[PDB]
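Comments concern the structure below.
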Amino acid sequence: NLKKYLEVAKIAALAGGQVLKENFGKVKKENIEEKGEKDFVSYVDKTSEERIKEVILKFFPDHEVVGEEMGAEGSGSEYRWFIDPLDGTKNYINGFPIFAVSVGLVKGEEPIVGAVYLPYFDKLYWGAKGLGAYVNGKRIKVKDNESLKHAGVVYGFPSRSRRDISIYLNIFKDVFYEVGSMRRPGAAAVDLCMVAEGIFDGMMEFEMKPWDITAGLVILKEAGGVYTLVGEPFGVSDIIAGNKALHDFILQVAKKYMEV
Amino acid sequence: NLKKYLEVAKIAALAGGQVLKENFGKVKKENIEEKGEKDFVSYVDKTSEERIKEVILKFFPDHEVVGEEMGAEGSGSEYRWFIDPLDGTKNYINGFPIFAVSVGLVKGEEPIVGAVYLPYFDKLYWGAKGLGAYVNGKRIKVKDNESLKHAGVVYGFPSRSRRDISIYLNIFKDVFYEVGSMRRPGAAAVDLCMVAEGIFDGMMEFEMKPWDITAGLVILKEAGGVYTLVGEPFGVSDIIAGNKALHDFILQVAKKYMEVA
Ligand SMILES: [Mg+2]
Ligand SMILES: [Mg+2]
Ligand SMILES: [Mg+2]
Ligand SMILES: [Mg+2]
């Protein structure tokens, strides 16, 4: 029952990804709009989102689509798509090629289908409930490691955050002291996929929106990973994820400094 | 006479890079030695270093070569090569493909030639004093931006550090508040090249060794960047680098928390 949703997710992610490909390296300061204090958006994000939404609604006209840049369209369906048309906008504008398109479907409150496309590397991560997780048609799974000194952890948190920065610096410092490496690549959907692929053992990302994480959560769960979502799923949330050992370790650190 | 040194630097970087390409994804826990409190090394790092050194000394048998993993070879020379046979070891072992081979030459105390090879992406950054900086034979230059909110800054510092972690957290937080983005990719030589290429406006990396930075400093300077080295150049140093605007900003932040001389 999920296969058609999954193939459409992938096509929609590719459709937005093509916009990203055609414009990579072309976005000048003249084209950047400010959102809030530190966020940027351009015609690239918005055009990608238009294309993704169009694809999804042509196949599933009664579905709801929720995108970062232009909001929601639909009439109240239990099938809700959460779309980040450009995850890694700052990286994209700078020419740092860690950026993605994220297309995730939830049924009620359960994430069931995900596709995350990295256009610069032509790498498509995908997965659906009960069907497994894949990158370009190779099956993927989280790494088995439980040794903290061998673990790698990806992290992110915003500047000008809702929480005091000290909370994130304290969680960071305690995890940093124990693990082999910590990396901050700047695209949360890609971080989830790299845990799912078995590159990083754990991840902690703060102040996420549902389009940041929905597709990656499907892929992570199908890869055997586990996660904890702190806060409101349809609002601003925090994600702690990994294999079982690193999820548990990061969560126990975070609990000293914030309620989870 | 820099052209012959430069072409050899590139060949040596490729020679080590080929060892990295052949073994990427193959290093198991069995193969990993622990160096200090948190550092790893494997047969891959050491084989890459052997190949790089062999190339350099076949062409320049009287030069000095200094590698991270097996130290120095030579008999005293004005010409000293500083080699990181695998910059980004932890990334490499994990399968995160941001890693490089760094091959830099100093004449006395002046860096004069650099090559940094990213084997996964087959991207060779190279430069020499007065000859420019290049990536795969396209000329490169640092970005012009002076707007902090548009700037991107790459950073790194170690998890068992000589300085108290609070110093690095304080410098980080003050730069983070003002700039558009901060990124931690995990390979200092690659960070220097990404500033040289015009991707990131600035960089701050703490507790570096000379093989981490020599090649990248040549490339950065030929790209029009500027840098400040804090500490002993032939010892453990810190680097603050960027275009002029971001170098100055990051340096002014760091001065609040550490002596930058
Ligand atoms: Mg976005
Ligand atoms: Mg996002
Ligand atoms: Mg090294
Ligand atoms: Mg190094």
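Restricting attention to region B:11-37, the residues that are surrounded by fewer than 18 Cβ atoms within 10 Å (Cβ to Cβ) and either under 21 Å from B:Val113 (Cβ atoms) or among the basic types (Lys, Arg) (or both) total 7.
The condition of being without any contact (Cβ under 8 Å) to a residue 60 or more places away in the chain and either in contact with a strand residue (DSSP E or B) (Cβ under 7 Å, 6 or more places away or on another chain) or not hydrophobic (A, V, I, L, M, F, W, C) (or both) holds for only one of A:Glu178, A:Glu146, A:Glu109, A:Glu207, that being A:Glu207. For A:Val65, the requirement of being surrounded by 15 or more Cβ atoms within 10 Å (Cβ to Cβ) and part of a loop (DSSP other than H, G, I, E, B) is not met. Within region B:146-165, the set of residues being over 17 Å from B:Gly242 (Cα atoms), over 20 Å from the mean Cα position of the chain (by Cα) and more than 10 Å from chain A (Cβ to nearest Cβ) comprises B:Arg163, B:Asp164. Within region B:38-60, the residues that satisfy the criterion of being surrounded by 18 or more Cβ atoms within 10 Å (Cβ to Cβ) and in a loop (DSSP other than H, G, I, E, B) are B:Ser42, B:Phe60. Going by what's in this entry, would B:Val253 be described as touching a residue at least 40 places away in the same chain (Cβ under 8 Å) and over 22 Å from B:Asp174 (Cα atoms)? So B:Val253 does not fit the description; no.
Yes/no matrix, rows are residues, columns are (1) more than 16 Å from ligand 1 (Cβ to nearest atom); (2) basic (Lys, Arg); (3) within 13 Å of the chain's Cα centre (by Cα):
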residue: B:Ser181; (1), (2), (3): no, no, no
residue: B:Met194; (1), (2), (3): yes, no, yes
residue: B:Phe206; (1), (2), (3): yes, no, yes
residue: B:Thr214; (1), (2), (3): yes, no, yes
residue: B:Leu220; (1), (2), (3): yes, no, yes
residue: B:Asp238; (1), (2), (3): yes, no, yes
residue: B:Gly242; (1), (2), (3): yes, no, no
residue: B:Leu246; (1), (2), (3): yes, no, no
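B:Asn145 fulfils the conditions (1) over 30 Å from A:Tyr177 (Cα atoms); (2) within 16 Å of ligand 2 (Cβ to nearest atom) except for a single criterion, (2). Need the failing condition index for A:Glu50 against (1) within 13 Å of ligand 1 (Cβ to nearest atom); (2) away from chain B (no Cβ under 14 Å); (3) within 21 Å of A:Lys21 (Cβ to Cβ), just the number. Status for A:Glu50: all satisfied but (1).
Listed by first and then second residue, the pairs linking a residue in region B:80-93 that is more than 10 Å from every other protein chain (Cβ to nearest Cβ) and within 17 Å of B:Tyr43 (Cβ to Cβ) to a residue that is among the aliphatic types (A, V, I, L, M) and within 7 Å of ligand 3 (Cβ to nearest atom), with Cβ atoms under 8 Å apart and 6 or more places separating them unless they lie on different chains, are B:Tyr92/B:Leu86. Every listed requirement among (1) more than 14 Å from every other protein chain (Cβ to nearest Cβ); (2) touching a residue at least 24 places away in the same chain (Cβ under 8 Å) is met by B:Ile98 save one, (1).
How about region A:154-169: which of its residues are in a helix (DSSP H, G or I), surrounded by fewer than 23 Cβ atoms within 10 Å (Cβ to Cβ) and of a type in the set (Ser, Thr, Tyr)? Once the filter is applied, which keeps residues that are in a helix (DSSP H, G or I), surrounded by fewer than 23 Cβ atoms within 10 Å (Cβ to Cβ) and of a type in the set (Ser, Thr, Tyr), region A:154-169 yields only A:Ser166. Going through (1) within 14 Å of another protein chain (Cβ to nearest Cβ); (2) surrounded by 15 or more Cβ atoms within 10 Å (Cβ to Cβ); (3) over 16 Å from the mean Cα position of the chain (by Cα) one by one, B:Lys123 falls short only on (3). Looking across B:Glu69, B:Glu64, B:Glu7, B:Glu78, one residue alone is over 19 Å from B:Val218 (Cβ atoms) and either acidic (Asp, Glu) or outside the structural domain of B:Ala128 (by CATH) (or both). It is B:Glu69. None of B:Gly108, B:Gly130, B:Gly95, B:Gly76 is within 28 Å of B:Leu20 (Cβ to Cβ) and away from ligand 2 (no atom under 16 Å from the Cβ) except B:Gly95.
All Cβ positions, even for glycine, are placed from backbone atoms using ideal geometry, and neighbour counts span all protein chains on display. Numbers and lists here come from the model and the stated rules, or from a named source; none is laboratory data.
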